[PDB]
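Below is one structure, written out as structure tokens; comments come after it.
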There are 4 protein chains.
Amino acid sequence: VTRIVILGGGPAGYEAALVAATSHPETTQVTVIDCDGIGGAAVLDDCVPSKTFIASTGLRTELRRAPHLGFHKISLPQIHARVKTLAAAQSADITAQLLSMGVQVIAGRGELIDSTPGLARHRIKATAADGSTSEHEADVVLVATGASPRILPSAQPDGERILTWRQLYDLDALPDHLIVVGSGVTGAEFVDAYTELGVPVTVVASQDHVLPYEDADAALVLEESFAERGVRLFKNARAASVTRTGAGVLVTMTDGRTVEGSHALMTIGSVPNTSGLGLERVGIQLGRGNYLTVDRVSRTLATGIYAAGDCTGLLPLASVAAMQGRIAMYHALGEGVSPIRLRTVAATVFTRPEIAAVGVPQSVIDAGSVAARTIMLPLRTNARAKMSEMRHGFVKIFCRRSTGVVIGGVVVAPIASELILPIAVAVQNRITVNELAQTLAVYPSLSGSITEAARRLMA
Amino acid sequence: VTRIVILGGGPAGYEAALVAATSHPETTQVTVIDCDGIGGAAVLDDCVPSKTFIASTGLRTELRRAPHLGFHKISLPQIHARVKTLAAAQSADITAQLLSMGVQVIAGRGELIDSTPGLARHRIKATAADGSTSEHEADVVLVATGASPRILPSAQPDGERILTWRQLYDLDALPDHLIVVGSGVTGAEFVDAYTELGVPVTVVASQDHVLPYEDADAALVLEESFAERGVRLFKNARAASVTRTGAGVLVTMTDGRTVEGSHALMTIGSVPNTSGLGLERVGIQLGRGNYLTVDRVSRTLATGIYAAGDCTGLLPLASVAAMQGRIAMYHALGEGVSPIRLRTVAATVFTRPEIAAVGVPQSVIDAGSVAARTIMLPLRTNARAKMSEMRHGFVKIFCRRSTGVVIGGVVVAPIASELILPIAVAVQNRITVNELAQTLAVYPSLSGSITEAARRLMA
Amino acid sequence: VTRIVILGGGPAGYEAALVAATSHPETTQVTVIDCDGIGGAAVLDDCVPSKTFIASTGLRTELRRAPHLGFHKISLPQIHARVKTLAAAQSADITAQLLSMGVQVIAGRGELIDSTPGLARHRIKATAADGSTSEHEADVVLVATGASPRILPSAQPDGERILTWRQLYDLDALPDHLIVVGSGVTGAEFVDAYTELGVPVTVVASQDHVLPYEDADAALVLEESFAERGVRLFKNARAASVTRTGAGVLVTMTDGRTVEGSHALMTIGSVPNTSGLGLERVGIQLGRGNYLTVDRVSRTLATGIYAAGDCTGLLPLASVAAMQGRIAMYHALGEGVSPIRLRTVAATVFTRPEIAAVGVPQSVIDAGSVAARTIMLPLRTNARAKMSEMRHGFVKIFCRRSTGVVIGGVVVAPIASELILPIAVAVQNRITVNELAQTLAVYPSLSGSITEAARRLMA
Amino acid sequence: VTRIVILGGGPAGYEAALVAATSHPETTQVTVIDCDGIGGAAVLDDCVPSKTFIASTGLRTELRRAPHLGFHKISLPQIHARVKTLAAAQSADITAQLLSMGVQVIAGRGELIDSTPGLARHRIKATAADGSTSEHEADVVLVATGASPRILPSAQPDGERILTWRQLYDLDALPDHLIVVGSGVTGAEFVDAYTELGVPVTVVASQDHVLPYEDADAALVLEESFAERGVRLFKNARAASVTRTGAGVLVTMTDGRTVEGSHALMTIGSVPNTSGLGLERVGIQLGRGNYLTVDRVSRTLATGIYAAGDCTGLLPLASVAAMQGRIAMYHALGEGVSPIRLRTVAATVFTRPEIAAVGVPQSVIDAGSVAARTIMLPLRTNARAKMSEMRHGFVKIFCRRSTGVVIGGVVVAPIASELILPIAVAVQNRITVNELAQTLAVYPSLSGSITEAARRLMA
Ligand SMILES: Cc1cc2nc3c(=O)[nH]c(=O)nc-3n(C[C@H](O)[C@H](O)[C@H](O)COP(=O)(O)OP(=O)(O)OC[C@H]3O[C@@H](n4cnc5c(N)ncnc54)[C@H](O)[C@@H]3O)c2cc1C
Ligand SMILES: Cc1cc2nc3c(=O)[nH]c(=O)nc-3n(C[C@H](O)[C@H](O)[C@H](O)COP(=O)(O)OP(=O)(O)OC[C@H]3O[C@@H](n4cnc5c(N)ncnc54)[C@H](O)[C@@H]3O)c2cc1C
Ligand SMILES: Cc1cc2nc3c(=O)[nH]c(=O)nc-3n(C[C@H](O)[C@H](O)[C@H](O)COP(=O)(O)OP(=O)(O)OC[C@H]3O[C@@H](n4cnc5c(N)ncnc54)[C@H](O)[C@@H]3O)c2cc1C
Ligand SMILES: Cc1cc2nc3c(=O)[nH]c(=O)nc-3n(C[C@H](O)[C@H](O)[C@H](O)COP(=O)(O)OP(=O)(O)OC[C@H]3O[C@@H](n4cnc5c(N)ncnc54)[C@H](O)[C@@H]3O)c2cc1C
């Protein structure tokens with residue numbers, strides 16, 4: 001009976017407990033210790049709440065679009081009910097899954113409490129919201145505590161007017177004029193969301209683009225998308241402060257530059273939740289930025305102790321958190337282990353249209369660092385695209401020059417988040433464009449355009 | 001120079017020409033003799049249009065689902081106008097590609113006119129609608145004439161009340177009571193589409209279900225669905241005839257009972273367009289079903305002569321027709337060749353929800369004929385599904401017992417036609433559930449469930 | 001810096017160190033504490049020497065086969081001198097590599113001396129033959145102590161007449177009548193070697209054959225061979241004792257009958273060198289057979305503590321010992337890890353001819369447990385074989401029923417130990433008979449038969 | 001019943017008939033028509049006779065080598081008996097194989113006799129040595145007639161003193177001083193063979209090396225080998241003439257340069273046997289040099305007619321002849337077809353030691369045309385090498401930089417012809433050095449050095 005105690009039940013923590021319970025039923029004993037809610041911030045506060053929200057926003061799009069398709073009060077509070085609700089329901093499903101796999105699930109905060117630094121088998125005191133405490137022996141420990149919203153002391157949030165992304169679903173009415181500070185992917189997604197609801201938005205970006213995408217082609221597509229929809233924009237701006245004004249907020253840059261609005265949404269980074277964990281008791285020193293630096297097999301510098309997800313700093317994606325957790329267990333439980341390769345991550349930006357990519361960026365290729373052949377197929381010639389009235393979406397594919405091995409791709413379409421999977425497995429399993437061009441994809445489908453992109457790179 | 005002449009311009013033909021002219025610009029001369037216009041019936045008549053029609057129908061589905069989301073006349077002629085219009089563009093895009101790729105398109109009906117029956121190089125005649133005629137030499141000949149609606153002489157279509165699916169978009173008003181004769185995928189799809197436009201439907205099915213379907217679990221999802229939305233069906237009945245009554249239509253079936261609707265949609269099958277082609281002049285004799293029996297490498301029993309598409313009877317899907325023309329060009333132009341394997345074909349029924357499958361059916365695994373592990377993962381626990389308010393979708397993945405190689409998969413969800421692709425890649429490339437499980441699919445998406453599906457199959 | 005201390009320097013150890021120091025020059029400090037000298041018994045005692053001895057024997061085989069080819073004193077002491085001499089060089093080459101790679105080699109016997117039993121970092125003590133002693137800290141510990149000859153107290157080896165295989169090269173003359181006790185691979189090999197030097201041999205086998213062997217067809221090839229060359233055997237008998245007579249030796253077996261030779265070679269098994277290591281100080285308790293039970297990832301039940309080689313009892317082949325040390329370094333240094341699969345191990349018996357096998361035995365396929373296709377291709381039709389005057393060699397390849405993936409192979413020929421490799425690659429990498437069949441092996445060679453073997457399995 | 005008639009039964013012809021008969025038993029009818037003897041020149045005159053001969057030569061090597069290994073009249077005619085004999089026996093085995101597979105086997109010369117040029121089904125008149133004739137209908141035709149020794153009109157052979165490689169086995173006594181004209185692989189092999197028998201040899205090379213190997217390393221190994229064994233050498237020499245002298249031969253260069261000897265062995269090229277075939281009757285024009293130019297799928301410019309082996313000019317190796325034939329049938333019979341890639345050919349030079357290589361040459365890599373990592377492992381540190389007293393053999397391996405995919409290798413050892421297979425399948429099936437380093441090769445073996453070469457390239 002090897003004991004596995006996991007601090008945090010978000011995706012790094014939960015998907016880890018799931019691999020441990022499933023693969024080793026009678027050999028192991030898995031204990032998740034989470035303070036805020038199974039599914040973590042991923043499910044109850046950030047990722048699932050933003051996507052649910054964005055998803056809801058869509059409707060207004062397809063409504064203003066029905067008359068030409070032959071078919072002749074937007075109440076914020078209920079949209080929000082759906083958000084808090086679906087989020088809670090996700091969390092409920094996951095809590096169930098864990099329980100039905102023998103996973104012990106405790107509500108409370110965790111902390112290493114090792115009597116001394118060189119112990120092989122560790123100890124974790126779990127303190128409940130119910131005041132009560134409980135200690136647990138652990139052969140394996142996985143620190144999976146996530147991150148919290150970084151906060152600028154010149155822009156301290158309220159929940160009223162200066163808001164972090166978690167406070168949004170607490171607003172009554174749509175804002176009169178939303179000011180998003182911070183460009184970057186999540187700042188972008190909200191600019192697009194609030195834009196679809198009819199809310200005036202002004203972005204305060206660092207560089208030139210409301211969102212600078214490593215793939216130029218797609219980035220330009222969203223830029224046009226934004227101008228054409230009224231997004232206002234401050235290029236090369238750093239919020240010096242965000243004070244509360246008479247009726248709204250006053251955002252002032254470091255240039256002297258200013259912009260007023262009814263609300264300010266702080267879309268800065270996040271910070272690893274890595275304090276008060278006891279890491280000291282076990283000899284661990286947080287690396288730069290306070291992340292718990294981990295290796296390719298998810299392990300910390302102390303023995304038997306693993307770390308995963310946002311608290312480790314690798315990549316702020318729940319998918320990468322899940323795999324790090326999944327990996328830390330395959331390693332500790334003696335199974336095959338394949339380190340996570342940053343270039344096999346599928347990442348998507350949920351704007352309209354979605355941008356998803358996996359593999360070697362086109363820049364890198366256009367710099368001779370990586371030889372490869374490339375193709376960009378415009379989705380307009382595709383009949384499914386046509387039925388979904390897609391106008392500037394395309395599929396890009398990048399393969400090695402000599403072998404035809406798929407090494408990246410970019411997709412800009414309404415469901416790029418799903419169309420990317422196929423290219424990801426190709427990159428992840430050295431599949432050739434020849435092999436890909438061979439798969440009999442469904443007609444009329446957007447994915448048949450993936451199949452031809454590759455068919456065209458054959459050589 | 002090798003002379004390629006293709007009879008017929010739908011997926012089989014036009015995309016055999018595409019491969020021909022694209023990979024061998026200077027060693028070939030490709031001529032496509034098609035009578036109805038590039039894209040063939042798949043694009044101009046059957047496939048592209050029904051999917052268009054069904055996509056428009058979709059809007060209604062959503063729309064009145066506005067309240068759950070915080071929000072809150074049907075003009076058939078403009079839907080139809082969009083149906084012809086879009087069809088026309090899909091056809092124009094393809095013609096332009098063939099044309100700029102240097103393919104010689106000849107609008108007309110072509111036929112073989114060989115002197116004796118045993119020659120290497122063939123001779124084809126194109127007859128224009130102008131009565132005019134040109135003759136053409138052919139080193140390689142590709143018969144891609146497709147199929148046509150089957151017709152019951154006791155229920156001859158009439159364009160107004162007795163309708164084939166090609167005729168539906170000629171109506172200027174929704175039927176009062178639609179009677180659909182024939183259970184199958186294409187009757188299933190329209191019953192679903194019309195039920196969504198609010199039309200009453202009565203099916204006269206030959207089988208047990210409106211949509212008989214290989215995978216039981218999918219079948220049920222749809223059976224329960226038509227039944228709730230109130231679709232009426234007479235199981236195991238065939239229409240003895242379809243007469244025209246006062247203002248409606250009288251359907252009479254072989255058992256004597258009768259039903260009455262405003263219109264009757266004949267949804268039987270189709271017939272191969274293989275007559276009057278001069279296949280006699282070259283020694284071929286139409287096989288069972290009047291089909292131009294073909295190879296696994298797309299060739300007929302006569303040398304230099306290939307066929308592909310519905311006119312061969314392999315499978316009536318356009319995706320299969322395209323690979324058949326594609327593989328016939330590959331075999332005739334000395335390139336690498338891989339025969340089509342029926343169990344790699346991915347196929348979807350376009351209902352709401354969609355149903356797609358690939359590889360070994362669960363039927364077989366359960367009979368003991370194939371040694372495999374199987375899993376059925378509901379989609380409702382998936383956050384993305386929760387967002388698209390899916391409660392009955394699911395992912396089924398099947399795999400080899402020992403090796404874990406993916407051999408089949410079934411997907412029932414709103415975009416199954418897209419998500420099936422990754423599975424096909426796995427099937428067509430013997431990818432392993434382990435291999436699939438390491439792919440960092442995106443979160444949150446329904447495709448993440450596909451990687452969990454295989455993750456759990458790991459052994 | 002992570003401190004690696006390896007107890008024992010044979011394939012398990014020295015080649016765990018090699019991997020250690022070669023891939024992580026600056027993050028590690030590798031110390032190898034070995035008492036007999038780098039290369040261990042595999043190189044200095046058992047493996048390398050018998051193969052050397054057998055290779056010398058080979059010359060005689062050939063030589064008097066001079067007439068068929070147009071052509072046409074045995075000095076045991078110089079053969080033996082070549083046996084020690086070559087052994088010595090193999091050991092010197094390895095020491096030099098370890099040494100220049102910066103590995104700290106310490107000649108001595110090492111043991112665990114941990115204070116309490118539950119620590120992360122361990123402590124080892126090396127005792128020199130000088131009585132001297134040094135102590136060493138160990139983050140990672142690798143127990144690679146190998147095995148020693150089993151000894152029957154009623155037939156204690158004496159160096160002169162009662163011999164273990166380690167002692168054979170101490171004789172200055174060929175035995176008059178060699179009695180070999182114990183049927184097994186290592187008795188089989190020596191019976192063959194001595195029969196070739198012209199020595200009379202009488203085997204007291206516990207089993208049915210001198211060389212009991214998994215694959216029937218191979219077994220026979222050798223049974224017929226020993227029988228023709230006149231090897232004498234008492235089947236199913238165990239030696240009750242081995243006494244020393246006048247000038248020879250009296251072997252008495254449990255049934256009462258007796259045999260008389262000049263010498264007795266005890267060919268029983270060996271015993272794991274797992275005593276006096278201080279495994280108690282760390283919580284381990286020797287498993288069944290006094291073996292240091294290990295993982296599939298080479299780790300013991302104590303953290304930081306790994307084992308590999310004969311002392312674990314996985315498989316007594318040096319090739320298996322080396323992968324065990326190799327995989328223990330990979331798991332401890334956070335690299336990619338793939339557990340050893342027993343059915344990928346390739347193993348050969350060094351008789352004349354050689355016999356090598358890999359993967360599923362034909363035994364199993366024939367029982368119905370594994371669903372496979374099999375073929376046995378004699379080698380005599382192969383031109384190369386005709387040249388090396390082989391009349392009973394053959395190649396057996398086994399493959400998955402549906403997929404055609406290679407899952408086993410057996411090769412009986414003069415260099416089977418080399419030709420088995422390609423098959424192992426196929427087994428270990430799920431290569432397909434189709435995939436193998438396209439490899440342009442060389443003509444003429446016996447390996448061309450391997451590609452035909454799979455070619456015929458194609459389906 | 002598709003009819004397949006093959007002109008020539010060497011490896012191109014025979015291995016083709018074997019694939020056709022085996023895969024299509026009741027669908028086909030296979031007819032080989034060969035004039036000289038099944039196995040063709042490959043078996044009855046060139047390749048198998050030279051290897052058998054070389055093999056025989058070895059003995060003298062290992063005899064002069066026995067005294068230090070502890071063991072204290074070379075009649076040419078019998079060595080030759082073995083040669084003619086084994087060659088005839090090979091031929092006998094193959095004739096049997098064909099017969100037992102339903103293949104019809106006719107002795108006689110073949111000729112196309114097509115009534116006219118555009119026939120789909122061809123005709124072949126077979127003329128017997130027995131004067132008699134016979135005609136055969138053919139749906140598929142495979143021209144596989146091999147090549148003949150090119151002959152210099154200034155150096156017309158005798159069979160006495162000026163000899164082609166086929167006349168050698170007709171000599172009574174070993175030559176007094178053999179003069180080989182022509183460097184290149186086969187000229188080399190004979191220099192090595194006659195050298196091992198004690199025969200003085202003088203080579204007349206074009207460039208600087210008795211044999212210029214694309215792999216410098218190995219070439220230098222043979223060069224040293226030759227100087228150290230007495231091979232005399234004329235650098236940059238072209239035989240102007242080879243006249244018969246008083247007692248022997250007088251070879252005079254174009255420089256004015258001369259050298260006398262007892263015999264002259266003409267090792268120039270060979271010429272395709274492509275005359276009198278009727279190729280005219282079917283419209284085929286021989287390409288340059290009179291080769292029957294074929295494509296990647298083994299087909300000629302006439303339909304239904306395939307060509308393979310030496311008569312086509314691709315590569316003068318029986319292995320490449322076999323695959324071309326094997327491929328021409330897979331293509332005609334509608335099976336999967338994979339064109340032959342010149343860079344997946346394993347070629348070996350049978351000298352002592354053998355040189356075998358497959359893949360990208362090291363030159364090409366050392367010219368940045370191909371990025372790759374490389375390694376050269378000297379075989380001296382290997383224990384099996386040591387037992388075979390190998391002194392300058394090594395294993396080279398070349399993998400892509402980014403993926404670790406094996407792309408070539410060179411082996412210089414006593415059985416390089418067999419050790420190369422494993423590297424060939426790796427190159428041919430994109431196997432990674434990681435995968436290769438994972439295969440548990442047999443210890444002590446030469447092939448374990450292949451496994452470490454790759455282990456060392458991991459990254
Ligand atoms: C607005 C926004 C949108 C995003 N959208 C996406 C997206 O579309 N796709 C994607 O892949 N990623 C997305 N991300 C990123 C993704 O949310 C994170 O990568 C992922 O949440 C990190 O998961 P985790 O399991 O490491 O940590 P978390 O999910 O953040 O949770 C760790 C949990 O552990 C608990 N915890 C903390 N300290 C302790 C303690 N001492 N004891 C017990 N429990 C403790 C808490 O309850 C906490 O919820 C988004 C992020 C934001 C902010
Ligand atoms: C209602 C319906 C819905 C469908 N939905 C799907 C779907 O969702 N997905 C899918 O994959 N498949 C679908 N199919 C099937 C798919 O459309 C067919 O498999 C495909 O159309 C066949 O293509 P083809 O190129 O072989 O023939 P076709 O597309 O039928 O066209 C051959 C063309 O050649 C021409 N032609 C005929 N005779 C001659 C001649 N003598 N000379 C010159 N030209 C000639 C015609 O102009 C004709 O249009 C559907 C079918 C129907 C009936
Ligand atoms: C006659 C014979 C023939 C064989 N032929 C083959 C063959 O052809 N192929 C094959 O693959 N295998 C063969 N094997 C088996 C193979 O030799 C073993 O599998 C392999 O030797 C085991 O290697 P190891 O490194 O684990 O241990 P070893 O090679 O046995 O050595 C471990 C070493 O560690 C040392 N040691 C022991 N205790 C301590 C201690 N306390 N501190 C420090 N050092 C210690 C010793 O000096 C010893 O030499 C043969 C075996 C025998 C007996
Ligand atoms: C000295 C020497 C050594 C070699 N060593 C090797 C080696 O080690 N490895 C290797 O791979 N290659 C080697 N080769 C090359 C190899 O021999 C050739 O690649 C191979 O023989 C070609 O085979 P093929 O089947 O195309 O032709 P062939 O084997 O040459 O035979 C064609 C046959 O067809 C017959 N034929 C000709 N015309 C007609 C007709 N009209 N009708 C009927 N039959 C006809 C003849 O009987 C003839 O034998 C060597 C060559 C030489 C000269």
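Ligands are numbered from 1 in the order shown, residues from 1 within each chain, and chains are lettered A, B, ... in the order they appear in the structure tokens.
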* Within 9 Å of residue 35 of chain C, counting only C-alpha atoms, which residues qualify if same-chain residues fewer than 4 places away don't, as an MDAnalysis selection string? -> chainID C and resid 7:9 40 106:110 127:129
Using N, CA and C atoms, can you write the selected residues to a file as a compact mmCIF listing (two decimals), in the first residue's frame?
# COMPACT_ATOMS: atom_id res chain seq x y z
N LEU C 7 26.76 -0.87 -6.02
CA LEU C 7 27.45 -1.98 -5.40
C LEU C 7 27.53 -3.00 -6.51
N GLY C 8 28.76 -3.32 -6.91
CA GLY C 8 28.96 -4.32 -7.95
C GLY C 8 29.26 -3.76 -9.31
N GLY C 9 30.26 -4.29 -9.99
CA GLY C 9 30.59 -3.74 -11.29
C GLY C 9 30.45 -4.57 -12.54
N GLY C 40 32.68 -7.55 -13.83
CA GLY C 40 32.13 -8.57 -12.95
C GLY C 40 32.31 -10.00 -13.44
N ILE C 106 35.98 2.04 -6.87
CA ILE C 106 36.59 1.65 -5.59
C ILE C 106 36.58 0.14 -5.42
N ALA C 107 37.74 -0.48 -5.54
CA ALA C 107 37.85 -1.94 -5.39
C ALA C 107 37.60 -2.33 -3.93
N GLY C 108 36.50 -3.05 -3.69
CA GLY C 108 36.15 -3.45 -2.35
C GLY C 108 34.76 -4.01 -2.29
N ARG C 109 34.31 -4.35 -1.10
CA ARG C 109 33.00 -4.93 -0.92
C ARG C 109 32.22 -3.81 -0.22
N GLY C 110 31.03 -3.50 -0.72
CA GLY C 110 30.27 -2.44 -0.12
C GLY C 110 29.07 -2.93 0.66
N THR C 127 34.61 -1.95 2.00
CA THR C 127 35.71 -2.54 2.74
C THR C 127 36.67 -3.09 1.75
N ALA C 128 37.91 -2.63 1.85
CA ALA C 128 38.97 -3.06 0.94
C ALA C 128 39.49 -4.44 1.30
N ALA C 129 40.30 -5.04 0.44
CA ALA C 129 40.87 -6.35 0.77
C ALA C 129 41.99 -6.10 1.81
* To do: Taking only C-alpha atoms into account, report as a list in words which residues of chain D lie within 7 Å of chain B.
  => residues 118, 119, 120, 296, 297, 303, 334, 335, 336, 337, 338 and 339 of chain D
Can you write out as a tab-separated table which residues of chain A fall within 7 Å of ligand 1, alongside each residue's closest atom pair and its distance in Å to one decimal, counting only C-alpha atoms and all ligand atoms and ordering rows by chain and ascending residue number?
residue	atom	partner	partner_atom_place_in_ligand_line	distance
A:7	CA	ligand 1	43 (C)	4.7
A:8	CA	ligand 1	34 (O)	3.3
A:9	CA	ligand 1	34 (O)	5.3
A:10	CA	ligand 1	25 (O)	3.6
A:11	CA	ligand 1	25 (O)	3.9
A:12	CA	ligand 1	25 (O)	3.7
A:13	CA	ligand 1	25 (O)	5.5
A:33	CA	ligand 1	43 (C)	5.1
A:34	CA	ligand 1	44 (N)	3.4
A:35	CA	ligand 1	44 (N)	4.2
A:36	CA	ligand 1	47 (O)	3.4
A:37	CA	ligand 1	47 (O)	5.2
A:38	CA	ligand 1	47 (O)	6.9
A:39	CA	ligand 1	29 (O)	6.1
A:40	CA	ligand 1	49 (O)	3.1
A:41	CA	ligand 1	49 (O)	4.0
A:42	CA	ligand 1	21 (O)	3.6
A:43	CA	ligand 1	29 (O)	6.8
A:46	CA	ligand 1	2 (C)	4.3
A:47	CA	ligand 1	4 (C)	3.6
A:48	CA	ligand 1	5 (N)	6.9
A:50	CA	ligand 1	1 (C)	5.9
A:51	CA	ligand 1	8 (O)	6.6
A:108	CA	ligand 1	43 (C)	6.1
A:109	CA	ligand 1	42 (N)	3.7
A:110	CA	ligand 1	42 (N)	3.9
A:111	CA	ligand 1	41 (N)	6.0
A:144	CA	ligand 1	26 (O)	5.4
A:145	CA	ligand 1	37 (C)	3.8
A:146	CA	ligand 1	27 (O)	3.2
A:147	CA	ligand 1	30 (O)	5.2
A:165	CA	ligand 1	1 (C)	5.7
A:186	CA	ligand 1	1 (C)	5.5
A:273	CA	ligand 1	38 (N)	5.9
A:277	CA	ligand 1	41 (N)	6.0
A:308	CA	ligand 1	26 (O)	6.0
A:309	CA	ligand 1	26 (O)	3.2
A:310	CA	ligand 1	26 (O)	4.1
A:311	CA	ligand 1	26 (O)	6.0
A:315	CA	ligand 1	19 (O)	6.9
A:316	CA	ligand 1	19 (O)	4.0
A:317	CA	ligand 1	19 (O)	3.3
A:318	CA	ligand 1	19 (O)	3.6
A:319	CA	ligand 1	11 (O)	4.6
A:320	CA	ligand 1	11 (O)	6.9
A:321	CA	ligand 1	26 (O)	5.0
A:322	CA	ligand 1	25 (O)	6.9
A:348	CA	ligand 1	8 (O)	7.0
A:350	CA	ligand 1	8 (O)	6.9
Can you write just those residues out, C-alpha atoms, as a compact mmCIF listing (two decimals), in the first residue's frame?
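Printed below is selection.txt as written:
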# COMPACT_ATOMS: atom_id res chain seq x y z
CA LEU A 7 -2.57 18.96 -2.06
CA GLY A 8 -5.21 20.57 -4.38
CA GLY A 9 -7.96 19.06 -6.49
CA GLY A 10 -7.90 21.16 -9.66
CA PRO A 11 -6.83 19.42 -12.88
CA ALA A 12 -3.21 18.89 -11.86
CA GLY A 13 -4.39 17.33 -8.58
CA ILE A 33 -6.76 17.41 0.01
CA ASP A 34 -8.37 20.55 -1.55
CA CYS A 35 -9.57 23.72 0.17
CA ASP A 36 -11.80 25.44 -2.35
CA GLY A 37 -13.59 22.87 -4.49
CA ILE A 38 -12.76 19.82 -6.62
CA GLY A 39 -12.02 20.99 -10.16
CA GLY A 40 -10.13 23.78 -8.53
CA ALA A 41 -10.05 27.34 -9.90
CA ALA A 42 -9.90 25.69 -13.33
CA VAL A 43 -13.55 24.54 -12.86
CA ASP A 46 -11.40 30.82 -14.18
CA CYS A 47 -11.34 28.53 -17.24
CA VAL A 48 -14.77 26.78 -17.15
CA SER A 50 -15.01 32.06 -18.80
CA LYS A 51 -15.79 29.54 -21.54
CA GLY A 108 -9.42 21.55 4.13
CA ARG A 109 -6.01 23.12 3.62
CA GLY A 110 -2.90 20.98 3.46
CA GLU A 111 0.62 21.47 4.73
CA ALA A 144 -0.93 20.95 -7.03
CA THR A 145 -2.13 24.16 -5.52
CA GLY A 146 -2.63 26.36 -8.57
CA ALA A 147 -2.24 30.15 -8.87
CA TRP A 165 -11.75 37.89 -13.98
CA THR A 186 -7.47 35.84 -21.56
CA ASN A 273 0.03 29.54 -4.63
CA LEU A 277 3.04 24.89 2.30
CA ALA A 308 2.24 19.97 -11.09
CA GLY A 309 0.13 22.62 -12.78
CA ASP A 310 0.21 26.38 -12.34
CA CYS A 311 2.13 26.28 -9.09
CA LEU A 315 2.47 26.57 -18.90
CA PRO A 316 -0.80 28.19 -17.59
CA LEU A 317 -3.12 25.64 -19.27
CA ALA A 318 -5.26 23.15 -17.53
CA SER A 319 -4.20 20.56 -20.14
CA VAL A 320 -0.57 20.96 -19.28
CA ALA A 321 -1.54 20.83 -15.56
CA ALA A 322 -3.39 17.55 -16.09
CA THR A 348 -6.48 27.65 -28.16
CA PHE A 350 -11.28 31.25 -27.40
* Would you please give, as a PyMOL selection string, all residues of segment 217-364 of chain B that DSSP assigns to alpha helix (DSSP H) based on the backbone? => chain B and resi 217-228+318-332+362-364
* Excluding same-chain residues fewer than 3 positions from segment 62-69 of chain B, what lies within 6 Å of it counting only C-alpha atoms, as number ranges by chain? -> A: 79; B: 59, 72
* 12 Å contact set for residue 192 of chain A, only C-alpha atoms, chain neighbours under 6 positions out, as a PyMOL selection string -> chain A and resi 50-51+53-55+57-58+61+178+180+183+185-186+198-203+210-211+222-223+225-232+349-354
* List every residue of segment 69-313 of chain C that DSSP, applied to the backbone, labels as strand (DSSP E), and write the result as a ChimeraX atom specification. => /C:104-107,109-112,122-127,133-138,140-143,147-149,162-164,178-181,201-204,232-234,239-244,249-253,258-261,263-266,270-272,305-307
